[PDB]
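Listing of data.txt; format and content: compact mmCIF, C-alpha atoms and all ligand atoms.
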# COMPACT_ATOMS: atom_id res chain seq x y z
CA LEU Z 12 120.60 133.44 84.07
CA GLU Z 13 119.73 129.74 84.61
CA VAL Z 14 122.64 127.31 83.87
CA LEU Z 15 121.94 124.82 81.04
CA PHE Z 16 121.94 120.98 81.10
CA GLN Z 17 121.68 120.66 84.88
CA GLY Z 18 117.91 120.20 85.37
CA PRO Z 19 116.29 116.87 86.45
CA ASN Z 20 116.67 113.89 84.16
CA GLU Z 21 114.10 111.40 83.07
CA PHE Z 22 114.50 109.16 86.12
CA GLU Z 23 112.85 111.86 88.28
CA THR Z 24 109.52 111.40 86.53
CA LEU Z 25 107.93 108.16 87.77
CA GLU Z 26 104.84 106.05 87.07
CA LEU Z 27 102.27 107.04 89.63
CA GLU Z 28 102.28 103.51 91.12
CA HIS Z 29 106.09 103.77 91.64
CA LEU Z 30 105.72 107.22 93.23
CA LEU Z 31 103.07 105.72 95.57
CA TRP Z 32 105.62 103.11 96.71
CA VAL Z 33 108.17 105.94 97.33
CA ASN Z 34 105.49 107.82 99.32
CA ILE Z 35 104.60 104.70 101.42
CA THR Z 36 108.26 104.06 102.14
CA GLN Z 37 108.98 107.66 103.11
CA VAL Z 38 105.98 108.00 105.48
CA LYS Z 39 106.72 104.60 107.14
CA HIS Z 40 110.36 105.76 107.73
CA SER Z 41 109.44 109.30 108.85
CA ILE Z 42 106.75 108.25 111.35
CA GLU Z 43 108.84 105.32 112.69
CA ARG Z 44 111.86 107.51 113.37
CA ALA Z 45 109.82 110.10 115.33
CA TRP Z 46 107.70 107.47 117.26
CA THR Z 47 110.82 105.38 118.16
CA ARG Z 48 112.56 108.38 119.77
CA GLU Z 49 109.42 109.21 121.88
CA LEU Z 50 109.19 105.56 123.05
CA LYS Z 51 112.97 105.25 123.87
CA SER Z 52 112.50 105.40 127.61
CA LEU Z 53 110.49 102.15 127.33
CA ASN Z 54 113.08 100.53 124.98
CA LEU Z 55 110.53 99.59 122.34
CA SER Z 56 110.95 99.33 118.63
CA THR Z 57 107.81 99.47 116.53
CA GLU Z 58 108.01 95.70 116.05
CA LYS Z 59 108.29 94.92 119.73
CA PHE Z 60 105.27 97.26 120.39
CA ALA Z 61 103.29 95.49 117.62
CA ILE Z 62 104.07 92.04 119.17
CA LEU Z 63 103.11 93.32 122.69
CA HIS Z 64 99.89 94.66 121.25
CA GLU Z 65 98.99 91.45 119.38
CA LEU Z 66 99.69 89.39 122.49
CA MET Z 67 97.38 91.74 124.47
CA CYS Z 68 94.66 91.05 121.97
CA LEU Z 69 95.27 87.34 122.56
CA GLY Z 70 94.77 87.69 126.34
CA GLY Z 71 98.53 87.91 127.08
CA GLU Z 72 99.44 84.33 126.10
CA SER Z 73 99.51 82.35 122.91
CA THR Z 74 101.90 80.17 120.84
CA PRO Z 75 104.41 81.20 118.16
CA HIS Z 76 102.22 79.86 115.34
CA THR Z 77 99.06 81.65 116.46
CA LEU Z 78 100.88 84.94 116.97
CA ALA Z 79 102.53 84.59 113.53
CA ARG Z 80 99.15 84.00 111.84
CA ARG Z 81 97.70 87.16 113.38
CA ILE Z 82 100.55 89.62 112.44
CA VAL Z 83 101.85 90.66 108.98
CA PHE Z 84 105.58 90.00 109.70
CA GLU Z 85 107.49 86.90 108.56
CA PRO Z 86 107.56 84.12 111.07
CA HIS Z 87 111.38 84.06 111.32
CA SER Z 88 111.12 87.77 112.15
CA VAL Z 89 108.38 87.19 114.71
CA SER Z 90 110.58 84.57 116.29
CA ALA Z 91 113.73 86.79 116.41
CA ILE Z 92 111.65 89.68 117.96
CA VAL Z 93 110.09 87.34 120.53
CA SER Z 94 113.54 86.02 121.49
CA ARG Z 95 114.81 89.69 121.98
CA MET Z 96 111.71 90.28 124.13
CA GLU Z 97 112.39 87.16 126.16
CA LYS Z 98 115.90 88.54 126.91
CA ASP Z 99 114.33 91.93 127.89
CA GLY Z 100 112.06 90.00 130.48
CA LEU Z 101 108.88 90.86 128.44
CA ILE Z 102 108.01 87.35 127.30
CA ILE Z 103 108.13 84.06 129.29
CA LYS Z 104 108.44 80.86 127.18
CA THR Z 105 107.31 77.61 128.69
CA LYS Z 106 107.14 74.05 127.39
CA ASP Z 107 103.62 73.03 126.73
CA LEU Z 108 102.79 70.22 129.25
CA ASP Z 109 100.98 68.13 126.60
CA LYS Z 110 102.72 68.59 123.21
CA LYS Z 111 106.42 67.75 123.18
CA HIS Z 112 108.22 70.57 121.27
CA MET Z 113 105.37 73.12 121.51
CA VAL Z 114 106.22 76.41 123.25
CA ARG Z 115 103.71 78.74 124.96
CA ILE Z 116 104.59 82.42 125.00
CA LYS Z 117 103.16 84.66 127.80
CA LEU Z 118 103.57 88.34 128.55
CA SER Z 119 105.14 89.16 131.92
CA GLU Z 120 103.59 91.59 134.34
CA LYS Z 121 106.40 94.01 133.45
CA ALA Z 122 105.43 93.78 129.78
CA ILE Z 123 101.71 94.39 130.42
CA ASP Z 124 102.58 97.45 132.52
CA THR Z 125 104.97 98.63 129.72
CA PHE Z 126 102.21 98.19 127.18
CA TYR Z 127 99.88 100.34 129.47
CA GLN Z 128 102.41 103.13 129.28
CA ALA Z 129 103.39 102.64 125.63
CA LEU Z 130 99.84 102.59 124.29
CA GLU Z 131 98.97 105.93 125.94
CA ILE Z 132 102.15 107.62 124.60
CA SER Z 133 101.71 105.99 121.19
CA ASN Z 134 98.15 107.22 120.77
CA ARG Z 135 99.29 110.81 121.53
CA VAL Z 136 102.19 110.50 119.10
CA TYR Z 137 100.10 109.17 116.18
CA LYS Z 138 97.45 111.85 116.76
CA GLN Z 139 99.93 114.71 116.75
CA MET Z 140 101.66 113.26 113.64
CA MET Z 141 98.52 113.02 111.66
CA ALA Z 142 96.90 116.31 112.77
CA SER Z 143 97.53 117.77 109.30
CA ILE Z 144 94.98 115.58 107.53
CA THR Z 145 91.26 115.74 108.21
CA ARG Z 146 88.93 113.07 109.55
CA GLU Z 147 87.62 112.46 106.08
CA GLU Z 148 91.20 112.17 104.59
CA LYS Z 149 92.08 109.66 107.41
CA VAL Z 150 88.95 107.61 106.72
CA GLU Z 151 89.67 107.46 102.94
CA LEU Z 152 93.42 106.76 103.54
CA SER Z 153 92.47 103.64 105.63
CA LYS Z 154 90.03 102.53 102.95
CA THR Z 155 92.55 102.84 100.13
CA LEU Z 156 95.37 101.28 102.09
CA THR Z 157 93.05 98.40 103.05
CA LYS Z 158 92.20 97.76 99.43
CA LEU Z 159 95.90 97.68 98.64
CA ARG Z 160 96.67 95.26 101.54
CA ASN Z 161 93.76 92.97 100.53
CA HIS Z 162 94.99 92.79 96.89
CA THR Z 163 98.67 92.33 97.66
CA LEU Z 164 98.85 90.21 100.83
CA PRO Z 165 97.58 87.06 98.95
CA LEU Z 166 100.30 87.39 96.32
CA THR Z 167 102.75 85.89 98.82
CA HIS Z 168 100.66 84.87 101.87
CA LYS Z 169 98.35 82.07 100.78
CA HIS Z 170 96.09 81.25 103.78
CA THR Z 171 99.00 81.70 106.15
CA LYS Z 172 97.65 84.88 107.76
CA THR Z 173 94.37 85.67 109.45
CA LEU Z 174 95.21 89.22 110.44
CA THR Z 175 93.70 90.68 113.53
CA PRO Z 176 90.49 92.42 112.53
CA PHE Z 177 91.19 95.84 114.07
CA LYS Z 178 88.25 98.30 114.26
CA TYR Z 179 88.13 102.04 114.94
CA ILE Z 180 85.19 104.39 116.09
CA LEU T 12 74.93 78.70 119.83
CA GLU T 13 77.78 81.26 120.08
CA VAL T 14 80.28 80.57 122.95
CA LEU T 15 80.46 83.37 125.57
CA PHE T 16 83.47 85.47 126.70
CA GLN T 17 85.63 84.69 123.68
CA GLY T 18 84.95 87.71 121.43
CA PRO T 19 87.55 90.49 120.73
CA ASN T 20 88.78 92.54 123.66
CA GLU T 21 89.24 96.25 123.92
CA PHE T 22 92.74 96.24 122.40
CA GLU T 23 91.22 95.36 119.00
CA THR T 24 89.50 98.73 118.75
CA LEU T 25 92.12 101.38 117.92
CA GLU T 26 92.32 105.15 117.48
CA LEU T 27 92.03 105.82 113.78
CA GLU T 28 95.55 107.31 113.69
CA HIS T 29 96.94 104.05 115.22
CA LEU T 30 94.99 101.94 112.72
CA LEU T 31 96.48 104.10 109.92
CA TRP T 32 99.98 103.23 111.17
CA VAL T 33 99.00 99.49 111.17
CA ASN T 34 97.68 99.92 107.60
CA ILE T 35 100.89 101.70 106.42
CA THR T 36 103.03 99.00 107.99
CA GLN T 37 101.00 96.15 106.50
CA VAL T 38 100.97 97.56 102.93
CA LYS T 39 104.74 98.37 103.05
CA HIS T 40 105.41 94.72 104.16
CA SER T 41 102.95 93.13 101.71
CA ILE T 42 104.16 95.03 98.62
CA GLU T 43 107.86 94.62 99.57
CA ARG T 44 107.56 90.86 99.96
CA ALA T 45 105.89 90.42 96.54
CA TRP T 46 108.22 92.92 94.69
CA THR T 47 111.39 91.38 96.27
CA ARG T 48 110.52 87.89 95.01
CA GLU T 49 109.92 89.21 91.42
CA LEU T 50 113.29 91.05 91.49
CA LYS T 51 115.26 88.05 92.94
CA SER T 52 116.97 87.19 89.69
CA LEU T 53 118.65 90.62 89.84
CA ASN T 54 119.55 90.23 93.57
CA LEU T 55 117.99 93.53 94.59
CA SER T 56 116.37 94.49 97.82
CA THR T 57 114.07 97.49 97.78
CA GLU T 58 116.80 99.57 99.42
CA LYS T 59 119.46 98.65 96.89
CA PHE T 60 116.96 99.50 94.05
CA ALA T 61 116.18 102.86 95.73
CA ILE T 62 119.94 103.69 95.98
CA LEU T 63 120.49 102.64 92.29
CA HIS T 64 117.58 104.85 91.32
CA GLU T 65 118.76 107.89 93.29
CA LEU T 66 122.25 107.53 91.83
CA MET T 67 120.68 107.42 88.32
CA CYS T 68 118.95 110.67 89.07
CA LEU T 69 122.36 112.07 90.07
CA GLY T 70 123.92 111.11 86.70
CA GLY T 71 125.43 107.85 88.05
CA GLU T 72 128.00 109.42 90.40
CA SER T 73 127.86 111.44 93.56
CA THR T 74 129.28 111.43 97.13
CA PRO T 75 127.92 109.74 100.27
CA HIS T 76 126.71 113.03 101.75
CA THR T 77 124.82 114.15 98.64
CA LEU T 78 123.18 110.76 98.19
CA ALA T 79 122.19 110.73 101.90
CA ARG T 80 120.59 114.20 101.61
CA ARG T 81 118.46 113.10 98.67
CA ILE T 82 117.03 109.81 100.17
CA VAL T 83 114.84 109.29 103.27
CA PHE T 84 117.02 106.55 104.89
CA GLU T 85 119.47 107.13 107.75
CA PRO T 86 122.98 107.85 106.65
CA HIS T 87 124.47 104.84 108.50
CA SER T 88 121.95 102.74 106.58
CA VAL T 89 122.82 104.40 103.27
CA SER T 90 126.44 103.66 103.99
CA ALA T 91 125.87 99.96 104.89
CA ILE T 92 123.74 99.49 101.67
CA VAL T 93 126.37 101.20 99.53
CA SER T 94 129.09 98.97 101.00
CA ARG T 95 126.95 95.81 100.17
CA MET T 96 126.57 97.23 96.65
CA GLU T 97 130.29 97.80 96.36
CA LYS T 98 130.83 94.09 97.20
CA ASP T 99 128.19 93.13 94.56
CA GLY T 100 130.27 95.17 91.90
CA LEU T 101 127.43 97.78 91.56
CA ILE T 102 129.25 100.75 93.07
CA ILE T 103 132.89 101.87 92.57
CA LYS T 104 134.36 104.04 95.38
CA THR T 105 137.29 106.25 94.58
CA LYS T 106 139.30 108.75 96.61
CA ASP T 107 138.53 112.24 95.57
CA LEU T 108 141.75 113.68 94.00
CA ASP T 109 141.35 117.05 95.77
CA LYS T 110 139.79 116.48 99.23
CA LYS T 111 141.70 114.09 101.48
CA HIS T 112 139.11 111.71 103.08
CA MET T 113 136.28 112.44 100.60
CA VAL T 114 134.95 109.42 98.67
CA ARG T 115 133.19 109.56 95.27
CA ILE T 116 130.66 106.82 94.58
CA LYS T 117 129.92 105.84 90.93
CA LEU T 118 127.61 103.25 89.43
CA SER T 119 129.31 100.55 87.35
CA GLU T 120 128.18 99.67 83.87
CA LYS T 121 126.79 96.42 85.32
CA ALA T 122 124.69 98.43 87.78
CA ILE T 123 123.28 100.78 85.11
CA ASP T 124 122.33 97.77 82.97
CA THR T 125 120.74 96.11 86.10
CA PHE T 126 118.79 99.28 86.78
CA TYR T 127 117.54 99.19 83.07
CA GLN T 128 116.14 95.75 83.71
CA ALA T 129 114.92 96.37 87.27
CA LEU T 130 113.02 99.57 86.46
CA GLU T 131 111.01 97.88 83.67
CA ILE T 132 110.09 94.89 85.90
CA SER T 133 109.40 97.18 88.86
CA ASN T 134 106.99 99.39 86.93
CA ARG T 135 105.01 96.28 85.84
CA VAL T 136 104.96 94.96 89.39
CA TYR T 137 103.72 98.20 91.00
CA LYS T 138 101.04 98.59 88.31
CA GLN T 139 99.67 95.09 88.76
CA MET T 140 99.75 95.50 92.58
CA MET T 141 97.80 98.67 92.55
CA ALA T 142 95.27 97.77 89.81
CA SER T 143 92.52 97.53 92.44
CA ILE T 144 92.40 101.26 93.15
CA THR T 145 91.36 103.85 90.60
CA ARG T 146 93.34 106.72 89.12
CA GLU T 147 91.52 109.14 91.35
CA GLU T 148 92.18 106.97 94.51
CA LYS T 149 95.92 106.82 93.52
CA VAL T 150 96.07 110.59 93.03
CA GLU T 151 94.43 111.27 96.45
CA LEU T 152 96.58 108.57 98.18
CA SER T 153 99.78 110.39 96.97
CA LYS T 154 98.38 113.72 98.14
CA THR T 155 97.51 112.46 101.61
CA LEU T 156 100.72 110.54 102.04
CA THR T 157 102.67 113.63 100.92
CA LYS T 158 100.95 115.75 103.53
CA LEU T 159 101.87 113.17 106.15
CA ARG T 160 105.55 113.03 105.01
CA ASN T 161 105.78 116.86 104.96
CA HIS T 162 104.42 117.12 108.54
CA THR T 163 106.44 114.29 110.02
CA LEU T 164 109.83 114.36 108.27
CA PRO T 165 110.84 117.65 110.04
CA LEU T 166 110.13 116.17 113.46
CA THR T 167 113.46 114.34 113.24
CA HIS T 168 115.15 115.60 110.04
CA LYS T 169 115.94 119.26 110.52
CA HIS T 170 117.39 120.55 107.21
CA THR T 171 119.30 117.33 106.74
CA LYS T 172 117.23 116.12 103.77
CA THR T 173 116.38 117.70 100.46
CA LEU T 174 114.44 114.78 99.04
CA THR T 175 114.44 114.20 95.35
CA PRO T 176 111.46 116.02 93.90
CA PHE T 177 109.86 113.12 92.02
CA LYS T 178 107.04 113.98 89.55
CA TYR T 179 104.47 111.80 87.80
CA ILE T 180 102.24 112.42 84.62
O1 LIG K 201 99.88 97.86 117.02
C1 LIG K 201 100.25 97.19 115.95
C2 LIG K 201 99.86 95.90 115.66
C3 LIG K 201 100.37 95.37 114.49
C4 LIG K 201 101.22 96.10 113.63
CL1 LIG K 201 101.79 95.31 112.19
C5 LIG K 201 101.63 97.41 113.93
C6 LIG K 201 101.14 97.92 115.13
CL2 LIG K 201 101.47 99.46 115.65
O1 LIG K 202 112.85 104.37 93.68
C1 LIG K 202 112.93 104.79 94.92
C2 LIG K 202 113.64 105.89 95.33
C3 LIG K 202 113.61 106.15 96.69
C4 LIG K 202 112.88 105.34 97.60
CL1 LIG K 202 112.92 105.78 99.28
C5 LIG K 202 112.16 104.21 97.17
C6 LIG K 202 112.23 103.94 95.82
CL2 LIG K 202 111.43 102.67 95.11
Render the structure in this file as structure tokens.
Ligand SMILES: Oc1ccc(Cl)cc1Cl
Ligand SMILES: Oc1ccc(Cl)cc1Cl
Amino acid sequence: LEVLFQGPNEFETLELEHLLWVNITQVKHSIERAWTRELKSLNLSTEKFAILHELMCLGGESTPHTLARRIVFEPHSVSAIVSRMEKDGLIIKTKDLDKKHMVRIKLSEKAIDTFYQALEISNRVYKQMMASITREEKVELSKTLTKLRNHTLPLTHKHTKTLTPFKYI
Amino acid sequence: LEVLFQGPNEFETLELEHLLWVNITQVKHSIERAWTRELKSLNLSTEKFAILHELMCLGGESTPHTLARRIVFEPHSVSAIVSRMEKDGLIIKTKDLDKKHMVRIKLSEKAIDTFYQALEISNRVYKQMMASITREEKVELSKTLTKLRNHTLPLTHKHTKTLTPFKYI
């Protein structure tokens, strides 16, 4: 005999758009926790891997402002992450010879070799994580998420980002 | 005349599963930045709103271990967020009368009234953010993201979570 007055209340039924935000949050946390443990032996968080990857796309050297433009994160966050990486020996900062006050940021050989290793592990980890959804589901998920990013990024980022135009296939 | 040797390199073409992780990350950051600015006048981060919401589903009072079980975040994070909320006057912690060392956590009247306000603003914000995708796209996005959460959460959370079974419609 089911007990009375103990079933879910009205706050467990959400607008679909709110449930989508819960879903996005839960998958981002679930996948990050699993990937971060597999990458532990290289001491990479997801943000340090993202910054290594963007600098690889830039030919291994750039400036803080160009890297910030290319990546979704806030610039103060980009700067904090780069400073952590500098202390890990992954990034070398040098004074630009021309512009007083401008910094150039360059990946070390150690960091490029770490990225070698981390990209191969990372690709295996994302594939095994997403093996439960089909190619077509993956294709439509990227299209829908891309529509959402294109609609929402300009609400707070007004010409400040020119995100790296990643391709697949 | 297009300059030579300056086009994207091979690190800009990703495995689809890696591009999906970039997409998830970018939408989570884009939507959070926009929602957090609209909710500023109530001094809520997304995590404090999530904890207020889960405690509302629990009838406004619970214990740290039950709240942790119901929410995706790590328990040390849940605890840090609850302590911040206690300092904001949103949560009252009391010693359980029976169990030595057990804490009960209860929302204050101020917090329930804040949640009133925040839920109504939040629902408007998520709707306007997601107005670019159709009902059917929203429905399929929740189904795909739910498959991904169900496959990936058990890789690191082994019977430690019993996430709140949110419904829509
Ligand atoms: O590889 C990446 C580049 C950028 C971002 Cl935001 C995430 C990842 Cl994994
Ligand atoms: O309302 C919520 C409940 C849980 C989580 Cl993880 C996110 C939100 Cl918005």
Restricting the calculation to only C-alpha atoms and all ligand atoms: of T:46, T:16, T:127, T:22, which residue gets closest to ligand LIG 201 (chain K)?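 Smallest separation from ligand LIG 201 (chain K) among the options: T:22.
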Could you state the separation of atom CL2 of ligand LIG 202 (chain K) and CA of residue 61 (chain T) in Å, given to one decimal place?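 For atom CL2 of ligand LIG 202 (chain K) relative to CA of residue 61 (chain T), the distance reads 4.8 Å.
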Could you give me, as a compact mmCIF listing (two decimals) with C-alpha atoms, in the coordinates of the input, every polymer residue with an atom at most 6 Å away from an atom of ligand LIG 201 (chain K), counting all atoms listed in the file?
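out-v2.txt, written as the output of this step:
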# COMPACT_ATOMS: atom_id res chain seq x y z
CA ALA Z 61 103.29 95.49 117.62
CA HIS Z 64 99.89 94.66 121.25
CA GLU Z 65 98.99 91.45 119.38
CA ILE Z 82 100.55 89.62 112.44
CA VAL Z 83 101.85 90.66 108.98
CA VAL T 33 99.00 99.49 111.17
CA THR T 36 103.03 99.00 107.99
CA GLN T 37 101.00 96.15 106.50
Quick one: contact table of region 49-94 of chain Z to region 166-180 of chain Z, 12 Å max, nearest atom pair and distance in Å to one decimal per residue, counting all atoms listed in the file, chain and number order, as a tab-separated table?
residue	atom	partner	partner_atom	distance
Z:61	CA	Z:175	CA	11.5
Z:62	CA	Z:175	CA	11.9
Z:64	CA	Z:175	CA	10.7
Z:65	CA	Z:175	CA	7.9
Z:66	CA	Z:175	CA	10.9
Z:67	CA	Z:175	CA	11.6
Z:68	CA	Z:175	CA	8.5
Z:69	CA	Z:175	CA	9.8
Z:76	CA	Z:171	CA	9.9
Z:77	CA	Z:173	CA	9.3
Z:78	CA	Z:174	CA	9.6
Z:79	CA	Z:172	CA	7.6
Z:80	CA	Z:172	CA	4.4
Z:81	CA	Z:174	CA	4.4
Z:82	CA	Z:174	CA	5.7
Z:83	CA	Z:174	CA	6.9
Z:84	CA	Z:172	CA	9.6
Z:85	CA	Z:168	CA	9.8
Z:86	CA	Z:171	CA	10.2
With a distance threshold of 8 Å and counting all atoms listed in the file, extract the residues of chain Z near chain T and express them as a ChimeraX atom specification. /Z:19-32,34-42,44-45,64,67-68,83-84,133-134,137-138,140-141,143-144,148-150,152-153,155-160,162-164,166-167,175-180
Which of Z:13, Z:58, Z:72, Z:49 sits closest to residue 128 (chain Z) [using only C-alpha atoms]: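 Of Z:13, Z:58, Z:72, Z:49, the one nearest residue 128 (chain Z) is Z:49, counting only C-alpha atoms.
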Of the candidates T:55, T:96, T:122, T:102, which one gets nearest to ligand LIG 202 (chain K) if we count all atoms listed in the file?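 Among the listed residues, T:55 lies closest to ligand LIG 202 (chain K).
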When you count all atoms listed in the file, which of these residues is closest to residue 91 (chain Z): Z:117, Z:59, Z:109, Z:132?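 Distance minimum relative to residue 91 (chain Z) lands on Z:59.
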Enclose all atoms of ligand LIG 202 (chain K) listed in the file in an axis-aligned box, grow every side by 8 Å, and hand back centre and edge lengths in Å to one decimal, as AutoDock Vina command-line options.
--center_x 112.5 --center_y 104.4 --center_z 96.5 --size_x 18.2 --size_y 19.5 --size_z 21.6
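Across the structure, CA of residue 47 (chain T) and CA of residue 90 (chain T) are spaced 20.9 Å apart.
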Give me, as a PyMOL selection string, all polymer residues having an atom no more than 10 Å from residue 125 (chain Z), counting only C-alpha atoms and skipping those fewer than 6 positions away in the same chain. chain Z and resi 53-55+60+63+101+119
Writer output for current selection, C-alpha atoms, as a PDB file, in the coordinates of the input:
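Okay, this is what ended up in part_30.pdb:
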ATOM      1  CA  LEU Z  53     110.490 102.150 127.330  1.00  0.00           C
ATOM      2  CA  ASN Z  54     113.080 100.530 124.980  1.00  0.00           C
ATOM      3  CA  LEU Z  55     110.530  99.590 122.340  1.00  0.00           C
ATOM      4  CA  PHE Z  60     105.270  97.260 120.390  1.00  0.00           C
ATOM      5  CA  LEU Z  63     103.110  93.320 122.690  1.00  0.00           C
ATOM      6  CA  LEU Z 101     108.880  90.860 128.440  1.00  0.00           C
ATOM      7  CA  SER Z 119     105.140  89.160 131.920  1.00  0.00           C
TER       8      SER Z 119
END
Interatomic distance, CA of residue 52 (chain T) to atom CL2 of ligand LIG 202 (chain K) (Å, one decimal):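 CA of residue 52 (chain T) sits 17.3 Å away from atom CL2 of ligand LIG 202 (chain K).
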